[PDB]
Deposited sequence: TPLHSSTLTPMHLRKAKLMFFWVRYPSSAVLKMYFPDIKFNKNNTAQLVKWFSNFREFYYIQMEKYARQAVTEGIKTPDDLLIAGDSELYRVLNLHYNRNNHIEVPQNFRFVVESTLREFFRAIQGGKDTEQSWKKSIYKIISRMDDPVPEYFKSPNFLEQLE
């Protein structure tokens, strides 16, 4: 297969539970069924850029509504795991907290007025990827 099928995406979204900034080097490894090339690679990578934005958009929101002043998972889980195909790995539940803690810190400190202030947060989150489970390489995984 040379093209990313709609399952490849359903799959990619799941991986996001373990990795926010996967290296293209690693992405390939988890898609042995795909013969990459400038395009599909660019595309797969774009997917994650997209997964990240939605994610941070959600983080900054919850963080802000909180400052002023859970089910937020329904949101995140709906977005990346629509049919609850797998169980949300605990690491993810911690990455989330880490992320929310950072935004809350930044916002509450008004340090959110500076341009590209989210950047700091990003560098921090980028070191939190975890190794994506081995069975994600399994041809049989894509099925189910």
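Engineer: Need the unmodelled segments of the deposited chain, numbered from 1, in order.
Structural biologist: Gaps vs deposited seq, in order: 1-4, 74-86, 162-163.
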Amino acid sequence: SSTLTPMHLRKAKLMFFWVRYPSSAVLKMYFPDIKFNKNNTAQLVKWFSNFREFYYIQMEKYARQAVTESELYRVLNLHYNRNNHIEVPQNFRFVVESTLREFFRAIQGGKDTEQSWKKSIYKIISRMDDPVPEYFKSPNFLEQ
From here on, numbers count along this sequence of modelled residues.
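Engineer: Could you check which stretch, 5-13 or 122-130, carries the larger mean CA temperature factor in the entry?
Structural biologist: Mean CA B-factor is higher for 5-13.
Engineer: With respect to the recorded C-alpha B factors, which stretch has the higher mean value, 110-118 or 73-81?
Structural biologist: 110-118 has the higher mean C-alpha B-factor.
Engineer: Name the one of 33, 102, 87, 53 with the greatest CA B-factor according to the PDB entry.
Structural biologist: That would be 33.
Engineer: Looking at 27, 59, 67, 95, which has the highest Cα B-factor in the entry?
Structural biologist: It is 67.
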